[PDB]
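**Student:** Can you look at this? It's an experimental structure, sequence on top.
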Amino acid sequence: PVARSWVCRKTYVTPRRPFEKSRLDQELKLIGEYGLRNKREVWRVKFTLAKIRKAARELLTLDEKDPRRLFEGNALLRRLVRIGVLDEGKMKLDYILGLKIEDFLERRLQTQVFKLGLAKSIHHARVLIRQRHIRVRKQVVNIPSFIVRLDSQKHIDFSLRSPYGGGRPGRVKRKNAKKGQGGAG
Amino acid sequence: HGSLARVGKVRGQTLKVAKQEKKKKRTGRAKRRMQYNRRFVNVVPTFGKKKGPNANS
Amino acid sequence: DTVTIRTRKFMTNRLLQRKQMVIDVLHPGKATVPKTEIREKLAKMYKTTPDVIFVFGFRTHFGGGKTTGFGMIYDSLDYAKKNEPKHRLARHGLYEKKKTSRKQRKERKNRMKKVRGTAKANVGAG
Amino acid sequence: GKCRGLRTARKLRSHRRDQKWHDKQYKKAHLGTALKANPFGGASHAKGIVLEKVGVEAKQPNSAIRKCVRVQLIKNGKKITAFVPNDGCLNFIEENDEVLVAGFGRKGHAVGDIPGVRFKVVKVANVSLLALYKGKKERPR
RNA sequence: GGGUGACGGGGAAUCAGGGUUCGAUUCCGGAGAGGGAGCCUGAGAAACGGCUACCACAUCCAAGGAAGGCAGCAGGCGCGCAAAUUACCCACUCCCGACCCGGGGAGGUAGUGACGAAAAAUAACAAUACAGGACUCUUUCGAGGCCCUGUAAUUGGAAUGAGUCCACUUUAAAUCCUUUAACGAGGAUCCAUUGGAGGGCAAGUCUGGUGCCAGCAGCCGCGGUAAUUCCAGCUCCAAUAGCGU
Ligand SMILES: [Mg+2]
Ligand SMILES: [Mg+2]
Ligand SMILES: [Mg+2]
Ligand SMILES: [Mg+2]
Ligand SMILES: [Mg+2]
Ligand SMILES: [Mg+2]
Ligand SMILES: [Mg+2]
Ligand SMILES: [Mg+2]
Ligand SMILES: [Mg+2]
Ligand SMILES: [Mg+2]
Ligand SMILES: [Mg+2]
């Protein structure tokens, strides 16, 4: 008897046929186009898509004008529009199942940095993010995979308390200013 | 029948060799970058009856 | 000079003899103000000294220009030395405690269980 | 054909019940039999002491001696003829030294060219034989 | 009647739809305090941090006698393939008492911890030398560069956390994160790892050694002097703080 949770899940599912070739080809291409650190980070997106797909399927099995369907399906569509994946007007559930990986990768801080100019390559973008150089809204979102809400897109920029954003310069230039001051001069 | 003598005959009598040196290899994302770059942009040439990522004529 | 403060979820707990609220602290580019500086800042804001103010539980956020924690103000010290945790008082030196060290008191009391009556022996013990 | 009807459940479920025994894998796992025959008393590995290095001779199409280790297990007193894998590794093993022994990868059924060796040695005196083969840890003295 | 590698359940693992296996284990219910039995008090026990016997273990004895029960928490021995520190505190959560005040190894806090789970670094950008190809230009050769990709030179400064560390915060008192000054990167450094590279199955008919040996190999097989399969070196493949059995 304690406090504590013990409530945790896995966020991804590995592929069965582990050397398919065609699968490996597609996953690596995804890694290239969006600078992912690892195969499984792809598989995490795939899996969050899959859950959605299961949820959608389940709703389509319910008869239309079944309360359970109406409410839950709408909430799912509302949730999906919130992130910038579905368009308003396209909201009616069948359109979820025609919806792919790339749409969900397209809304990461790492993209919506590199997408909003700001970066200079996607790997740079990922480095920026880690190095506390870019702030969403008013917090320094350290994390690349931060799914950027459509609501929250236009508030992406550099972090105030940083070299790029317009603050104190980093420790390399500080050193090279000390070297020019005392050593050379 | 048959002895238990030779046991590590071949592990014994191989010609010993240094393990060379080259470089600090790119790890993590950087590695994955590198490999995606060298299958999907750099080469992509005119074909001549299939490829080989460790071929040797 | 440049910290700033706000006062969230304010409430007048009449029957604990206190005002109690959620302190907000903006402070961009400085290293989480010590609680003494919050007290004097709250003292001049609420016009009622530091001596009846008790503040704790300050958590900074990420990025690091916003902390947030809980604070309450007492009517007098006489009230605050009654309706407060003992630790929170000696947090600023006014109701300090013994240095017996739990294990020593229990050991002492397991001897004593060994003996009857003798107030002197039960005073001694260990 | 099948019993098929609607108040059959019993006949159906009981017939299945009686047949399940004709399955091979299931009878293994439900008659105690095999857990009795396991030297590794339903166990993943077993510590046991080496009491003779024995050359095993491989099965015909391959000709080769297979350098095994006669292990008496500790939990039982049930003797074993485990395999010392990888080249010249039998030399690391010296008599009376406390090997850990695992399965050979087939959960029974002997493997390979070897006849009847169900087990492979993993750790000789708490060390791990991979580390000795690689050259990482060493046999203490 | 016998067995159970049988405490019941909530539930857990897989899973299309059906299913199969698991459930000692934080909630609920049961049962037990070495084994059996008997009881005192009490509203409530057939109590075990209550007694009385016996059996099994075992402890002082001045040898008449006397005392004992961790399947509480730590820890030890043993068993074993198989499992943590004799730490700090009543601050939280609740309990008990005559009690606003005392007690609680309930409980909370630290330590160990690759059981398992979530996040997520090990580099990024530039001009160079170049090495290439959609465009424009050119019969071809060559060139203009919005586009770019590899290898170098670390060439270039810029960026940064690991870490070291004042201080604040945290907190019962601490830490840990979080906040934050000051130091902190040329890779010869702050060095990624496990397993593979005949097929199944992603990836060398490369070089050296050994010659049915030594060894690999879940299976098919490879090894008897040009070994794609062994021991090595090279390069390559997979996953990657993980990966083998
Ligand atoms: Mg049983
Ligand atoms: Mg219970
Ligand atoms: Mg016991
Ligand atoms: Mg009982
Ligand atoms: Mg009893
Ligand atoms: Mg006890
Ligand atoms: Mg363990
Ligand atoms: Mg406990
Ligand atoms: Mg893990
Ligand atoms: Mg490193
Ligand atoms: Mg293969």
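**Tutor:** Everything's here; your move. Numbers count the residues shown, from 1 in each chain, chains lettered A, B, ... in the order given. Ligands and ions are numbered 1, 2, ... in the order given.

**Student:** Close to RNA strand E: what parts of chain D are there?
**Tutor:** With C-beta under 7 Å from any atom of the strand as the criterion, chain D meets RNA strand E at residues D:32, D:35, D:42-48, D:58, D:61-67, D:73-75, D:85-90, D:100, D:102, D:105-106, D:111-114, D:122, D:130. Bear in mind the C-beta positions are built from the backbone N, C-alpha and C, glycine included.

**Student:** out of these, which are inside helices?
**Tutor:** D:35, D:130 (DSSP state H).

**Student:** Only the buried members of the residues of chain D next to RNA strand E: can you turn that into a PyMOL selection?
**Tutor:** To isolate the buried ones among the residues of chain D next to RNA strand E in PyMOL, judged by 16 or more other C-beta atoms under 10 Å in any protein chain shown, type:
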select buried, chain D and resi 46+48+65+66+67+73+85+86+88+89+90+100+102+113+114+122
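
**Student:** Give me the subset of the residues of chain D next to RNA strand E that also touch chain B.
**Tutor:** By C-beta under 8 Å from any C-beta of the partner chain, the members of these lying near chain B are D:65, D:67, D:87, D:88, D:89, D:90.

**Student:** With respect to chain C, which of these is nearest?
**Tutor:** Among these, residue D:89 lies closest to chain C (C-beta to the nearest C-beta), at 53.2 Å.

**Student:** Now the residue of chain B at minimum distance from chain C: closest residue in space that isn't a chain neighbour?
**Tutor:** Closest contact between chain B and chain C, by C-beta to the nearest C-beta, is at residue B:29 (22.9 Å). If the residues on either side of it in the chain are set aside, residue B:29 comes closest to residue A:37, at 3.9 Å by C-beta to C-beta, 6 or more residues apart in numbering or on different chains.

**Student:** And for that neighbour, the neighbour number?
**Tutor:** By other C-beta atoms under 10 Å in any protein chain shown, 16 other residues sit near residue A:37.

**Student:** give me the element it is part of.
**Tutor:** In the assignment (DSSP states H and E), residue A:37 maps to no helix and no strand.

**Student:** right, and it touches residue B:31 too?
**Tutor:** No. Look at residue A:37 against residue B:31 with C-beta atoms under 8 Å: they stay out of range, at 9.5 Å.

**Student:** Among the ones next to chain B among the residues of chain D next to RNA strand E, which are located in strands?
**Tutor:** Among these, no residue falls in strands (DSSP state E).

**Student:** wait, which of those is closest to chain B?
**Tutor:** residue D:88 (1.8 Å).

**Student:** Hmm, the closest one is touching residue B:4, no?
**Tutor:** No. Counting by C-beta under 8 Å, residue D:88 sits too far from residue B:4 to count as a contact (11.1 Å).

**Student:** which residues touch the residue most central in space within chain C?
**Tutor:** Ranked by distance to the mean C-alpha position of chain C (C-alpha atoms, centre = their mean), the top residue is residue C:88 at 1.8 Å. By C-beta atoms under 8 Å, 6 or more residues apart in numbering or on different chains, the contact list for residue C:88 reads C:54, C:56.

**Student:** so it, which of the three states?
**Tutor:** Following DSSP: H, G, I helix; E, B strand; the rest coil, the label given to residue C:88 is helix.

**Student:** Check residue C:19 too.
**Tutor:** Of the three states, residue C:19 takes strand under three-state DSSP.

**Student:** The closest residue to chain D within chain C: how many residues sit nearby?
**Tutor:** The minimum distance from chain C to chain D, using C-beta to the nearest C-beta, falls at residue C:103 (37.8 Å). When neighbours are counted by other C-beta under 10 Å, residue C:103 registers 8.

**Student:** Where do the helices of chain B begin and end?
**Tutor:** With helices called from DSSP H, chain B shows them at B:9-13, B:28-40.

**Student:** List the contacts of the helix or strand encompassing residue C:78.
**Tutor:** In this assignment (DSSP H and E), residue C:78 forms part of helix C:77-80. Defining contact as C-beta under 8 Å, 6+ apart, one finds that helix C:77-80 is touched by C:17, C:18, C:51, C:52, C:54, C:74, C:89, C:94.

**Student:** Is RNA strand E within reach of the lengthiest helix in chain C?
**Tutor:** Secondary structure of chain C per DSSP H: the longest helix is helix C:35-46. Yes. For helix C:35-46 and RNA strand E, the contact criterion (C-beta under 7 Å from any atom of the strand) is met by C:35, C:36.

**Student:** Beyond that helix, next helix or strand please.
**Tutor:** That would be, after helix C:35-46 and using DSSP H and E, strand C:53-60.

**Student:** can you tell me the distance between the two ends of stretch A:100-120?
**Tutor:** Chord length of stretch A:100-120, first to last residue, is 26 Å (C-alpha to C-alpha, to the nearest Å).

**Student:** how near is the closest residue to chain D within chain A to residue D:141?
**Tutor:** Closest to chain D within chain A is residue A:18: 18.9 Å, counting by C-beta to the nearest C-beta. For residue A:18, the distance to residue D:141 equals 44 Å [C-beta to C-beta, to the nearest Å].

**Student:** So for these two, which sits in the more crowded spot?
**Tutor:** Taking other C-beta under 10 Å, residue A:18 and residue D:141 do not tie; residue A:18 has more neighbours (8 against 3).
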